[PDB]
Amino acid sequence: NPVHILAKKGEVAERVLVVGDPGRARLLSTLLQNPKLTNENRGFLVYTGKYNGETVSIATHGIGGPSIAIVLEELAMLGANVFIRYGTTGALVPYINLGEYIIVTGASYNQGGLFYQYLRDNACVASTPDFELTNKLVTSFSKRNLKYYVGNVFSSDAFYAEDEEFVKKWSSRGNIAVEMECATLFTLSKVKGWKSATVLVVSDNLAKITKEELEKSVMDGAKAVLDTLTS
């Protein structure tokens, strides 16, 4: 039985939208029909409701690979199998402006720790999202005429260890943004058989945001994410 997410079985939907910040989970729940808080233990708020004719949940995953791994595992134990992460990111290329969106196609990461414990060796396993789901997401964002970019991101483990060199290094490796939990999400999903994808809102540009404008972009895009999730 899950020791972090204390929701009753059946209280978590098969389709889940995961966000790092609890407050955003609460804000996004207002987009659902008849939202109910199904868990608040350890600050990991989970809301379940309806969108279209489908049941869906919005869960908090906290910060970092170890945190999201725990939440995903327990949500799966509760019946979840489809996850779409909706978070913030720091752009690594100058042509992407704050507030715009990034649909992730892959995640780069430094090996070790979590990956070693799960994979049992240092192999560079392809950390990619579900192909179908990611395309559906692209379509959804395209229909709502939202400004987005398709590309790989680097999943950092040390937020406060990202100097200037850091930018040229990862941008030169085909990464257009940095975040912290996509690598874990994709790799764990591939191993567990879960279908996952991710959309990010550019909160800052490292090659060059207000809490209000963030929410404005968040809301405008969450609509595309929910349509996708329930498509």
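By rigid core we mean the largest C-alpha set that fits within 1.5 Å across both forms. Just count from 1 along the sequence shown to find any residue number.
Enquirer: On a core superposition, give the stretch, 156-164 or 137-145, with the larger average C-alpha separation from this form in 8 other deposited structures of this protein (RMS over structures and residues).
Expert: After the core superposition, the stretch with higher RMS deviation in 8 other deposited structures of this protein is 156-164.
Enquirer: Taking the other PDB entries of this protein that cover both neighbours, check whether residue 209 lacks coordinates in at least a third of them.
Expert: Looking at the other entries that model residues on either side of it, residue 209 is missing from at least a third.
Enquirer: Can you count the deposited residues that have no coordinates between residue 223 and residue 224 and report it as none, 1 to 3, 4 to 9, or 10 or more?
Expert: Nothing is missing.
Enquirer: Taking only the CA atoms, which stretch has the higher mean B-factor in the record, 77-85 or 140-148?
Expert: Going by the record's values, the stretch with the higher mean is 140-148.
Enquirer: Per the entry, where is the mean C-alpha temperature factor higher: 186-194 or 50-58?
Expert: It is 50-58.
Enquirer: Take the CA temperature factors straight from the PDB entry and tell me which of 67, 205, 175, 30 peaks.
Expert: Within the set 67, 205, 175, 30, 205 shows the top C-alpha B-factor.
Enquirer: Comparing residue 19 with the other modelled residues of its chain, is its CA B-factor in the lowest, middle or highest third?
Expert: Residue 19: CA B-factor falls in the lowest third of its chain.
Enquirer: Grab the CA temperature factor for residue 119 from the record and place it in the lowest, middle or highest third of its chain.
Expert: For residue 119, whose C-alpha B-factor we compare with every modelled residue in the chain, the answer is the middle third.
Enquirer: For the chain shown, is the CA B-factor of residue 109 in the lowest, middle or highest third of its modelled residues?
Expert: Lowest third.
Enquirer: By the record's CA B-factor, is residue 154 among the lowest, middle or highest third of residues in the chain?
Expert: Lowest third, going by the recorded CA B-factors of the chain.
Enquirer: Per the entry's values, where does residue 167 land by CA temperature factor relative to the rest of its chain, in the lowest, middle or highest third?
Expert: Highest third - that is where residue 167 ends up once the chain's C-alpha B-factors are sorted.
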